[PDB]
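**Student:**
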Amino acid sequence: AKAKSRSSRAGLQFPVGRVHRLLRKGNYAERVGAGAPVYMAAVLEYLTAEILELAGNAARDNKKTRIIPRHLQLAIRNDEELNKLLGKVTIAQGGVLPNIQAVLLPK
Amino acid sequence: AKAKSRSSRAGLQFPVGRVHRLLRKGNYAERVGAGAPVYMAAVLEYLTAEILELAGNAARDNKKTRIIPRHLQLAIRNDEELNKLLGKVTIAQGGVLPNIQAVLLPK
Amino acid sequence: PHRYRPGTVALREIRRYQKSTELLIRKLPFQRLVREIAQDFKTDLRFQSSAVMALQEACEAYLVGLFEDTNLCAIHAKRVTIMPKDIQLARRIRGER
Amino acid sequence: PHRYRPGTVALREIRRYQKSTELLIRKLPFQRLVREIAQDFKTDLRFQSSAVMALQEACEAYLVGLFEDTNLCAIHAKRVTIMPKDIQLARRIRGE
Amino acid sequence: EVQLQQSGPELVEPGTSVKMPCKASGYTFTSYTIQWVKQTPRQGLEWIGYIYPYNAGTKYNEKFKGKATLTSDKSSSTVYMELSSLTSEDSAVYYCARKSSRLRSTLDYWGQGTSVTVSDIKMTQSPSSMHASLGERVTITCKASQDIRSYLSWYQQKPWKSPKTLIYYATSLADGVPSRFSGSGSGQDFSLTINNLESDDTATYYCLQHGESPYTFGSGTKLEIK
Amino acid sequence: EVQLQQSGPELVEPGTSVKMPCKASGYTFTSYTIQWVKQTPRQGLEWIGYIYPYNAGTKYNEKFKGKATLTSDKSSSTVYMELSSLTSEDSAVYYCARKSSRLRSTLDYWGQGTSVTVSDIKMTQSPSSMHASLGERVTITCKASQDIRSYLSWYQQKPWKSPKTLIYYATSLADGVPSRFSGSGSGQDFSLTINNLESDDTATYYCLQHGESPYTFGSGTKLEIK
Amino acid sequence: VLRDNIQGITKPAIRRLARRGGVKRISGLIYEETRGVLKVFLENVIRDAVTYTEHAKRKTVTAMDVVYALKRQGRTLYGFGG
Amino acid sequence: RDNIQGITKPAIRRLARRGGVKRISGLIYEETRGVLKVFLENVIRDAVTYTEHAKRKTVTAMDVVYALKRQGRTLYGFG
Amino acid sequence: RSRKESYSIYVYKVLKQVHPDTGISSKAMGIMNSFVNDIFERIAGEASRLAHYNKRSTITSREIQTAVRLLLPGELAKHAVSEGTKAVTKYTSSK
Amino acid sequence: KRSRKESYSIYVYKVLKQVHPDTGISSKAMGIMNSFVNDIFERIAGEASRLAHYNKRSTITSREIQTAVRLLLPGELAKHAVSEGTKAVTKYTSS
DNA sequence: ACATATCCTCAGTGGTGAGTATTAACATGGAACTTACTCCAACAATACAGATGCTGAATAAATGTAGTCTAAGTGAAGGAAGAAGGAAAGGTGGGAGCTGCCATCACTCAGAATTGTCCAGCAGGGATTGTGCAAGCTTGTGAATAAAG
DNA sequence: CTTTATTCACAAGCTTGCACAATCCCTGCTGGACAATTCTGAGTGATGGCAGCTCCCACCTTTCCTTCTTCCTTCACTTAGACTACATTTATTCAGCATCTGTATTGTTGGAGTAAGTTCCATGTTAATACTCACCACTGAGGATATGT
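Residue numbers (the numbering used here), protein chains in the order written: chain A, 9 to 115; chain B, 9 to 115; chain C, 5 to 101; chain D, 129 to 224; chain E, 43 to 268; chain F, 43 to 268; chain G, 874 to 955; chain H, 10 to 88; chain I, 2 to 96; chain J, -11 to 83.
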């Protein structure tokens, strides 16, 4: 008897056990194999890492050291893929991307 | 005792038992409350009857005995609530509504 | 005195409100409008503060995105003034009508 | 001889192709297009006839709806001729 | 919430044309048809036609074809009715009524009606006029000439008032109508039952079929209490 | 499938400007950044900048700001580079490289390289050049200056040819690369291991970081067979 | 009993929402149209939220019901639960 | 393999006439071919993914129906 | 072969109930089967989400009624709720 | 005596301190992150449930999750997510 | 071409309190371990339906030419929208109280799963009709061209 | 230059032939109904507490109304070329038939894998806590803008 939770055995930080419990209680299938929460936790951890790193870079080019939802909106809306995933998603207190159409500028 | 069915108990044509089996095995909940398939079958039968009655009326105005998918499309698209229910739905071999914009006509 | 030409202040307002993040509608009139609308569905209802807050961010985001689509419709017609026909066309193409 | 002014046969074609329900693209070029597009994802795969038929119905319905939105954009721009800018505006508002 | 505003009375010279507004509020205007019913004291209520503002779809009665013209304006949420070539038999009350595009739905909310003065299937109602006490049972028959799939409605009209929808789909109660009224029957035989009487129930009761394309009202029963 | 078409060699007198295109085909053009690097005999590969066609977002090296500008044409699926005021030390091979907006991804596909002829994290590679037989094991070290969280890539370049991507994310194999090449290491210490060699491994190997804002290439290790 | 509160969505508020949307010029009939559009959107979302509240046998509309209503209408909102 | 030229000019003309278009510019056809190619790639990629998950080498109508559906473009009449 | 089930006899019984002269084609039957399956999936998924939100492990007719109130538009939802309530009342009142 | 709520705010902070050691986060941004992880979880899990139901299978395996990631996520995002899931499953079935 | 007041917007400091990163208490759900049980890889066979080829008849696309008509550029009036100032007015943050209902806890009870039998409704295959497509003829009707005024 | 009678082509309507698909009938067979039992999950009540009303207030920021200007929108002319329309040539597609074979599908077995039950402990949540970062206040420099030069 011991240690070694399933996240540490898979080298992750997202909980494999909680994801397995949510997959079991979420009424998705009759059975859940014990590789599906590992894959699922890895995918969620990768997506969280990508969004958090892009938002940290957006905060870093803002002379700031704390991520606000504006930085998350700037991270998501500046990417083709990410915007596509979260294209029908509203972020609270995120604002919009700063853009003006070129015909509105004076000349 | 002669094994009468649940649809005849509820006075329906759509199957209560098959809807109960699809609700049970369709991974929707842990339990199904046994009045839910009666309600579901009644709602499905009402929607089928409304669509079929409007399609038969369209076929009669088109002087046709049989219903083709054009009659179903003409029944669905001419009703606001039915078109709201099936806005993101393509009906095969249904065509479109006859609609020319008013500017495109001569004079 | 000193006056700015039209479109100069209107461009600095675009540059100001696109970099800011907070809500653009006042909180209390929107809360009163939400309660007025909800009283037609169920009497004596009582919202939470976060429910009205979420409703305000949702409505403001929807209105802002419709205003970008309206601006694109206005620019397509070789104009810079948005008109109700642009709102109707954007809502028609979006599927809201 | 006899010759219809422009826009008359066009309106006749609009009425005729809005009255009918048959598919407007020939089946063999669409089948070849579907097979070549699927070649980039799979090297050697077969297709059901129903699969190509469903693909054709969906593609023709999508193109007819996009042409409806394109015509609306052209009329909003005070024109009766559709341009590629109308297609681009309609696909931008639709989110495509 | 739902109301149908109509104009005042019209004193029209014959041979002209008259416009009728049906300004609507309280509901999504495009999702409900607007029907038009004419009411004379000699022919009773007659269904004229309907307009669907979703596609501006018209349908008229055969005896009102050409004589009546229905139009819709979605900007002001208004329904207009045109009568041209006014014959001397046009002195009647014109009601516009809301009705959903669903087949089960009926003419639920009615307008006040404009009184204009010029200067199929037949419903048989067995009692023309009957007398009832303060606590009696009232049964009204609406025998139909043809077959309808339970598409019959029961309406109550006070003198100098708009009709009030009591029963839709031949058994279901309308919104706000008490459970004293009870509809029954199907096919060709229908009945309306008033359980216990009040002083409010002094009214004329009609039955309308909408199972076929020309909608037909009944002759009507006059019910007066004490 | 993915092609990065470019132009030929441009002989240019000093003082004027020069244009280089990067016509791209085989992929969704707006979803991938186009990055430009230059190569000289004197100092090897160095990263100039990139342009994201999704929002036309540029980012340049600090030593190439003003010297190089980047534009994109979405209709022709092309990326244009302007170099202005060509000095004497500007005769170089200019490469454009596809790279996804994902931070893990690298310069996977490269252009042919336009030869222009005119009339910070330090990368330390310990072996400058080495010789090997037809079957032994080669190890190349790429100790870096600062900390990069596994954002290192290994490239193989034939003489007079575009560099070929071998390793991305310091351990993962590129598309089509066999399992003979193996990347290892993390943090500051990285290494590339060739298991058994062929006659096609006679090439120059580079390591590139993209953890920081200015991307820096390696010094380059020449590998010659027998 | 509240009445006529759509006028509380003032013309400067609609102008600010247009400025965030990138609009340079605004016609005078834009504001009534925007009030009608915002009203229709609000009744749709509030009707779904009140349905979600009445299913839970609650008299209090929560933020989670608003989030489910927005998710139902394809307008998923982040940062308010769920 | 080309085969985008098999979607000919009068086929796009017929699809525009069904959409109510009276006058068509000459540059419409290439834009429509590109749009149809993008839509077909997006549907066919998901259909082939559904086919490969089932360990099949044949794309069925069910896979196309599921692929269409996932894009919010539900198609009736094919099962 | 393998006995695949559908709604064809049920839709045909409904059609002969509401139109006892009017036939139907095979393609229109396929459209009707797709419609019934799609609406079944929508109502069942909404009822599943409604049960999951309120920490309930069963789907009752209240969840189905609320789901019908959510997906279906106004008078459509009202008449479907009336039909479902009538059927559940008839089923309870008769075993 | 009121029950406890659970979220991803502890693991998301761990991933943040991996990818950015000297960078904090606000509570609103953590709420956005929790909503994002929940939304992507429901999307992938529902997609995989549909994949298992289409193939008449009764279990969700890592193959279903891989196919759901391929269908849901766009190109290079799906490629790197498949890479991460494969590496984690390979690492998990070795100890 | 230049010169110059003038509102507006970043670029730095300092204070500070709002929020947020850090540390115990505990409780609860995940891990270890074992047992049952069942579901789906793994072969094996077998029709079957999709790919490929051929061929002739429809039949739609390509091309060239004429002629219309429509998109686009230019010009001008005018009126509608923006900018700014001054006065009103209502949002906002704070500070109380009141109380209604929301979540928690315990009880228990009717209802829903479970399992075994069996039977009858439903899907597949095969005769059986029937009604809508096809071909041919007639006819109203809009469109466009010549003709008298 | 203005309505208006031939001319012309096109789609709608009417009338049989028929043949392919729809309706219906026969047969296994499998999924649904009957019935007794258990195992719950969810409905009645009671409770505490918290959070959502309602009210008062000071302030000061936001909004509304007026006036002037300007510049953008809309209407009218013109025109050149990019369209539509049609005849003719051509090339491609449709449909029927045949052959071949990879493949989808079904059947059987059993072994790996996964659900289920106990326990216990280590992790995750909440309460309390001491700072860190961002915002406001305040100058100070730097570009932008309208303007007389």
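Even for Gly, the Cβ is constructed at its ideal location relative to N, Cα and C.
Indicate whether the contact test is met: 3 or more Cβ pairs, each with one atom in the region 44 to 55 of chain A and one in the region 45 to 60 of chain J, closer than 8 Å.
**Tutor:** Contact between the region 44 to 55 of chain A and the region 45 to 60 of chain J is present, because at least three Cβ pairs lie under 8 Å.
**Student:** Write down the C-beta distance between B/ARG14 and B/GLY25 rounded to the nearest angstrom, noting that I regard them as a contact closer than 8 Å.
**Tutor:** The sequence position of residue 14 of chain B within the second sequence is 6, counting from 1. The sequence position of residue 25 of chain B within the second sequence is 17, counting from 1. Their Cβ separation, rounded to whole angstroms, is 6 Å, which keeps B/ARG14 and B/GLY25 in contact under 8 Å.
**Student:** Please check the pair F/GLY225 and F/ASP189, which I expect to be a contact at CB under 8 Å, by giving their CB distance rounded to whole angstroms.
**Tutor:** The residue you call residue 225 of chain F lines up with position 183 of the sixth sequence. The residue you call residue 189 of chain F lines up with position 147 of the sixth sequence. Contact flag wrong, Cβ pair sits at about 17 Å.
**Student:** If I measure Cβ to Cβ from A/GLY64 and keep anything under 7 Å in the same chain, skipping five residues before and after, which residues do I get?
**Tutor:** As a first step, residue 64 of chain A is located in the first sequence; it is residue number 56 there, counting from the start. So the qualifying residues of the chain are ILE75.
**Student:** From which residue to which residue does the alpha helix (DSSP H) around I/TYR13 run?
**Tutor:** In the ninth sequence, residue 13 of chain I corresponds to position 12, counting from 1. Residues 9 to 19.
**Student:** Identify the continuous beta strand (DSSP E) that holds E/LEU265 and give its terminal residues.
**Tutor:** Residue mapping note: residue 265 of chain E aligns to position 223 of the fifth sequence, counting from 1. Run containing E/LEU265: 263 to 267, per the beta strand (DSSP E) assignment.
**Student:** Check the Cβ-Cβ distances between D/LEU200 and every residue of chain C, and say whether any is below 8 Å.
**Tutor:** Position 72 of the fourth sequence holds residue 200 of chain D. Answer yes: the Cβ-Cβ gap between D/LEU200 and chain C drops below 8 Å somewhere.
**Student:** Listed in chain order, which residues of the region 134 to 157 of chain E have Cβ atoms closer than 9 Å to some Cβ of chain B?
**Tutor:** Flagged, chain order: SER142, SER143, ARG144, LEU145 and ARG146.
**Student:** Using CA coordinates, which residue listed in F/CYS64, F/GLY57 and F/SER59 is at the minimum distance from F/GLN47?
**Tutor:** Counting from 1 along the sixth sequence, the entry for residue 47 of chain F is found at position 5. That would be F/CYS64, whose Cα lies nearest to the Cα of F/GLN47.
**Student:** Does DSSP put E/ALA66 in a helix, in a strand, or in coil?
**Tutor:** As a position in the fifth sequence, residue 66 of chain E is number 24, starting the count at 1. E/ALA66: strand per DSSP, three-state reduction.
**Student:** Nearest to H/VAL74 by alpha carbon, out of D/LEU194, D/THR209 and D/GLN176?
**Tutor:** As a first step, residue 74 of chain H must be located in the eighth sequence, where it is residue number 65. For H/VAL74, the nearest C-alpha among the options comes from D/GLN176.
**Student:** Following the continuous beta strand (DSSP E) through E/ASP231, name the residue where it begins and the one where it ends.
**Tutor:** Numbered from 1 along the fifth sequence, position 189 holds the residue referred to as residue 231 of chain E. Note, E/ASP231: beta strand (DSSP E), 231 to 236.
**Student:** Return helix, strand or coil for A/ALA49, following the three-state DSSP convention.
**Tutor:** Position 41 of the first sequence, counted from the start, is the residue given in the question as residue 49 of chain A. The answer is helix: DSSP assigns A/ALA49 an H, G or I state.
**Student:** In the structure shown, what three-state DSSP assignment does F/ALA245 receive?
**Tutor:** Along the sixth sequence, one-based indexing puts residue 245 of chain F at 203. Looking at F/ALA245 - three-state DSSP - the assignment turns out to be strand.
**Student:** Using the beta-carbon of each residue, which ones in chain H are nearer than 8 Å to B/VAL104?
**Tutor:** Position 96 of the second sequence, counted from the start, is the residue given in the question as residue 104 of chain B. By Cβ distance, chain H contributes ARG27 and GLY28.
**Student:** Determine the DSSP secondary structure at E/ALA216, reduced to helix, strand or coil.
**Tutor:** Along the fifth sequence, one-based indexing puts residue 216 of chain E at 174. In the structure shown, E/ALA216 sits in coil (DSSP, three-state: anything other than H, G, I, E or B).
**Student:** Taking the Cβ atom as the reference point for each residue, do F/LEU239 and F/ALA174 lie within a distance shorter than 8 Å?
**Tutor:** On the sixth sequence, position 197 is the one that residue 239 of chain F refers to. On the sixth sequence, position 132 is the one that residue 174 of chain F refers to. Going by C-beta atoms, F/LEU239 is nearer than 8 Å to F/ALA174.
**Student:** Pull up the distance between the alpha-carbon of F/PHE106 and that of F/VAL121, whole angstroms please.
**Tutor:** Indexing the sixth sequence from 1 puts residue 106 of chain F at position 64. Indexing the sixth sequence from 1 puts residue 121 of chain F at position 79. F/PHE106 and F/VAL121: Cα-Cα distance of roughly 17 Å.
**Student:** Does DSSP put H/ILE16 in a helix, in a strand, or in coil?
**Tutor:** As a first step, residue 16 of chain H must be located in the eighth sequence, where it is residue number 7. Here H/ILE16 sits in coil by DSSP.
**Student:** I want to see whether chain A comes within less than 8 Å of G/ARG888, judged by CB atoms only; does it?
**Tutor:** For the purposes of this step, residue 888 of chain G is identified with residue 15 of the seventh sequence, where counting begins at 1. So no, G/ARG888 is outside the interface.
**Student:** Could you work out which residues of chain J lie near A/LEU52, taking near to mean beta carbons separated by less than 7 Å?
**Tutor:** Here the question's residue 52 of chain A lines up with position 44 in the first sequence. Residues of chain J passing the Cβ test: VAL25, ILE28 and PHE29.
**Student:** Which chain H residues are close to residue 227 of chain D, counting only those with a beta carbon under 8 Å from its beta carbon?
**Tutor:** Residue 227 of chain D lies beyond the stretch modelled for chain D, which goes from 129 to 224, so this question has no answer here.
**Student:** Name, please, each residue of chain J whose Cβ falls closer than 8 Å to the Cβ of F/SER118.
**Tutor:** Here residue 118 of chain F refers to the residue found at position 76 when the sixth sequence is read from its first residue. Under the 8 Å cutoff, chain J gives no residues; its nearest Cβ is about 22 Å from F/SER118.
**Student:** For A/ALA42, which three-state DSSP category applies?
**Tutor:** The residue given as residue 42 of chain A occupies position 34 in the first sequence. In this structure, A/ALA42 counts as coil in the three-state DSSP scheme.
**Student:** Within the 8 Å Cβ cut-off, does A/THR98 reach chain G?
**Tutor:** Taking the first residue of the first sequence as 1, we reach residue 98 of chain A at position 90. Interface residue, yes.
**Student:** By DSSP, does C/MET87 sit in helix, in strand, or in coil?
**Tutor:** The sequence position of residue 87 of chain C within the third sequence is 83, counting from 1. In this structure, C/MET87 counts as coil in the three-state DSSP scheme.
**Student:** Measuring CB to CB, does A/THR98 end up less than 8 Å from C/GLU100?
**Tutor:** Residue numbering aside, residue 98 of chain A sits at position 90 when the first sequence is read from its first letter. Residue numbering aside, residue 100 of chain C sits at position 96 when the third sequence is read from its first letter. No, the Cβ-Cβ distance between A/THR98 and C/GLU100 is not below 8 Å.
**Student:** Does the region 37 to 45 of chain C come into contact with the region 878 to 895 of chain G, if we say contact requires no fewer than three beta-carbon pairs (one atom in each stretch) closer than 8 Å?
**Tutor:** The region 37 to 45 of chain C, when compared against the region 878 to 895 of chain G, does touch it at the 8 Å Cβ threshold.
**Student:** Pull out every residue of the region 57 to 75 of chain H whose Cβ sits closer than 8 Å to any Cβ of chain I, in chain order.
**Tutor:** Taking 8 Å as the Cβ-Cβ cut-off against chain I, none of the residues of the region 57 to 75 of chain H qualify.
**Student:** Entirely within the region 17 to 54 of chain C and at least 4 residues each: give me those alpha helix (DSSP H) ranges in chain order.
**Tutor:** Qualifying alpha helix (DSSP H) stretches, in chain order: 31 to 42.
**Student:** Does F/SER255 pass the burial test, meaning 16 or more other C-beta atoms within 10 Å, or should it be called exposed?
**Tutor:** Counting from 1 along the sixth sequence, the entry for residue 255 of chain F is found at position 213. Burial call: exposed.
**Student:** For a contact defined as C-beta to C-beta under 9 Å, what are the partners of J/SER82 on chain F?
**Tutor:** As a working mapping, residue 82 of chain J is identified with position 94 in the tenth sequence. Within 9 Å Cβ-Cβ: nothing; J/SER82 doesn't reach chain F, min ~16 Å.
**Student:** Go ahead and label A/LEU52 buried or exposed: buried means 16 or more other beta carbons lie within 10 angstroms of its beta carbon, across all protein chains shown.
**Tutor:** Counting from one through the first sequence, the residue named residue 52 of chain A turns up at place 44. Burial call: buried.
**Student:** Using DSSP with H/G/I as helix, E/B as strand and the rest coil, what is D/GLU224?
**Tutor:** In the fourth sequence, residue 224 of chain D corresponds to position 96, counting from 1. Looking at D/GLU224 - three-state DSSP - the assignment turns out to be coil, as it is neither helix nor strand.
**Student:** Mapping DSSP to helix, strand and coil, what is E/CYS184?
**Tutor:** The residue you call residue 184 of chain E lines up with position 142 of the fifth sequence. Reduced to three states, the DSSP call for E/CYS184 is coil.
**Student:** Taking the Cβ atom as the reference point for each residue, do C/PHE45 and G/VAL923 lie within a distance shorter than 8 Å?
**Tutor:** As a first step, residue 45 of chain C is located in the third sequence; it is residue number 41 there, counting from the start. As a first step, residue 923 of chain G is located in the seventh sequence; it is residue number 50 there, counting from the start. Against a cut-off of 8 Å, the Cβ pair of G/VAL923 and C/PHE45 comes out as a contact.
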